[PDB]
Number of protein chains: 2
Amino acid sequence: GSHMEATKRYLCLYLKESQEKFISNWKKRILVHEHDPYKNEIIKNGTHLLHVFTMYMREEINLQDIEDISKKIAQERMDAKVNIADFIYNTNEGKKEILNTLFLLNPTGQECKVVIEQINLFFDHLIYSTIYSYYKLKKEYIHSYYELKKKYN
Amino acid sequence: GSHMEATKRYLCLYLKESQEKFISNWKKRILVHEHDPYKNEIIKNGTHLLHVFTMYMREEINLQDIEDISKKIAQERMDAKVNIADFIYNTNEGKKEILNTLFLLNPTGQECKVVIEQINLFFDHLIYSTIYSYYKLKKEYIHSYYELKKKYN
Ligand SMILES: CCCCCCCCCCC(=O)O
Ligand SMILES: CCCCCCCCCCC(=O)O
Ligand SMILES: [Cl-]
Ligand SMILES: [Cl-]
């Protein structure tokens with residue numbers, strides 16, 4: 001055969017066709033608290049982000065197109081009153097699994113460079129954007145609902 | 001020659017011998033605010049973390065051994081009153097540059113898998129740990145210094 005470049009295409013194909021398995025495996029690794037009121041939104045958001053990821057890899061959306069979902073996640077995490085570091089952990093478990101899948105395609109060093117650099121841009125921006133949004137929302141929350149104790153003013 | 005495995009060793013060698021160039025380049029890419037009181041600690045911490053990174057790659061320290069510096073950074077970022085997302089951005093610029101260097105060694109797909117997985121563990125844990133610490137410190141700060149406005153209690 002001709003063996004024409006297909007690493008990105010094959011990654012996206014696997015993540016679409018094996019989605020159930022992928023999400024099931026991710027479920028086994030994430031940090032979720034029993035009393036989190038958005039407990040089941042974590043799975044929904046992760047499923048959606050898997051689709052968004054494949055769209056980004058296929059050059060259909062830009063990094064700015066994940067900023068809305070990043071803000072949505074930040075709001076939900078803030079309302080949940082869970083350590084926002086859980087989100088980083090859970091995102092990283094997802095990325096680790098995407099990379100595990102990439103390496104099963106036996107990419108060359110060059111194919112690694114090109115595909116991994118793009119995977120990195122996506123997850124770096126997801127995490128950056130979500131924490132950025134969380135910070136701003138928390139700042140507004142403190143200003144809205146709290147006041148300094150007299151002892152400190 | 002025999003061409004015995006040296007990818008990790010060569011990466012660490014470059015980051016030690018070209019440290020000045022590496023930090024200088026990282027300086028051109030980071031987000032730093034003129035009035036940040038720990039402005040110059042960012043460069044000091046980044047220089048130190050480059051050393052810690054090479055120590056981790058050489059199997060001299062564990063991931064738990066970066067938790068103290070993560071907490072130190074979190075405290076400084078909180079005191080600085082800057083968006084904690086800046087830290088994520090700046091860390092990611094550093095990682096991007098480390099990976100750029102790795103790829104200049106022309107690693108194989110296999111060498112990529114092994115070395116990149118370790119680079120990922122380090123930076124994933126640095127970011128996770130620093131945000132984890134920041135969250136806890138902010139929670140304590142709010143409890144210590146603030147009270148709910150009466151309208152909301
Ligand atoms: C395989 C999952 C891709 C990465 C998903 C990133 C975390 C989703 C955010 C979960 C939440 O809403 O807290
Ligand atoms: C090439 C630099 C390695 C990554 C450094 C990670 C950021 C250092 C933290 C800076 C700070 O103290 O805010
Ligand atoms: Cl999460
Ligand atoms: Cl920083």
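All heavy atoms count here, side chains included; hydrogens, waters and symmetry mates do not. Every chain is numbered from 1, with letters handed out A, B, ... down the list of sequences.
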So, do [X] and [Y] sit near enough that their side-chain heavy atoms are less than 4.5 Å apart?
X      : Y     : value
A:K44  : A:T47 : no
A:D124 : B:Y89 : no
A:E76  : A:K72 : yes

### Task
Look at the aromatic rings of B:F122 and B:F53 and report parallel, tilted or perpendicular, splitting at 30° and 60°.
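Perpendicular.
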
## Note on the structure
So side chain to side chain donor-acceptor pair (under 3.5 Å) across residues 142-153 of chain B, not counting sequence neighbours, yields B:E140-B:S144

Within one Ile-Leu-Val-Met-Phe-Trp-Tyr cluster: [X] and [Y], side-chain cutoff 4.5 Å:
X      : Y      : value
A:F87  : A:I30  : yes
A:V82  : A:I73  : no
A:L104 : A:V114 : no

### Message
Among residues at least two apart in sequence or on other chains, which ones pass ring pair (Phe, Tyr, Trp, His ring centres under 6.0 Å) with A:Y14?
### Response
none

N/O donor-acceptor pair under 3.5 Å between [X] side chain and [Y] backbone:
X      : Y      : answer
A:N83  : A:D86  : no
A:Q118 : A:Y56  : yes
A:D65  : A:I61  : no
B:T130 : B:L126 : yes
B:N45  : B:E41  : yes
B:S18  : B:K21  : no
B:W26  : B:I43  : no
B:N90  : B:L31  : yes

#### Entry: Heavy-atom neighbours of A:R58 CZ exceed 12 at 6.0 Å
no

### Task
For atom CD of A:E5, decide whether the heavy atoms of other residues, nucleotides or ligands shown that lie under 6.0 angstrom number more than 12.
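Enclosed: over 12 neighbouring heavy atoms sit under 6.0 Å from CD of A:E5.
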
Might you point out which heavy atoms bring [X] and [Y] nearest each other, and give the distance in Å?
X      : Y      : result
B:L105 : B:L11  : CD1-N, 3.8 Å
B:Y38  : B:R77  : CB-NH2, 3.4 Å
A:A74  : A:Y134 : CB-N, 3.5 Å
A:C112 : A:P107 : SG-CG, 3.6 Å

### Task
Start with the C-alpha distance between B:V52 and B:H48, add both sets of side-chain angles, then the distance that settles side-chain contact (heavy atoms from CB on, under 4.5 Å), and finish with yes or no.
CA-CA 6 Å; B:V52 175; B:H48 182 236; 3.6 Å; yes

Please report the interatomic distance [atom1]([X]) to [atom2]([Y]), rounded to the nearest 0.5 Å.
X      : Y      : atom1 : atom2 : result
A:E97  : A:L50  : CD    : CG    : 10.0 Å
B:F123 : B:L99  : CZ    : CG    : 8.0 Å
B:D68  : B:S129 : CG    : OG    : 10.0 Å
B:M57  : B:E60  : CE    : CD    : 12.0 Å
A:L102 : A:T7   : CG    : OG1   : 7.5 Å
A:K16  : A:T54  : NZ    : OG1   : 8.5 Å

Check [Y] with [X], please: is the shortest side-chain N to carboxylate O separation under 4.0 Å?
X      : Y     : result
B:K71  : B:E67 : no
B:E117 : A:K96 : no
A:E34  : A:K39 : no

### Task
Show your reasoning for whether side chain to side chain donor-acceptor pair (under 3.5 Å) applies to B:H125 and B:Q64.
CA-CA 9 Å; B:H125 200 64; B:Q64 294 183 337; over 6 Å; no

### Message
Under the criterion side-chain contact (heavy atoms from CB on, under 4.5 Å), I'd like the reasoning laid out for B:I127 against A:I131: C-alpha separation, chi angles, the key distance, then a yes or no.
### Response
CA-CA 11 Å; B:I127 289 160; A:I131 297 307; over 6 Å; no

### Query
Do B:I84 and A:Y132 pass the side-chain contact (heavy atoms from CB on, under 4.5 Å) test, and can you show the C-alpha distance, the side-chain angles, and the key distance before you say yes or no?
CA-CA 7 Å; B:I84 187 59; A:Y132 173 91; over 6 Å; no

### Task
Verify whether one side chain among B:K95 and B:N120 offers a donor that lies under 3.5 Å from an acceptor in the other.
yes

### Task
Using salt bridge (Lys or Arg N to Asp or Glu O under 4.0 Å) as the criterion, list what pairs up with B:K8, not counting sequence neighbours.
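Partners of B:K8 by the salt bridge (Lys or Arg N to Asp or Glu O under 4.0 Å) criterion, ordered by chain and then number, come out as B:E59.
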
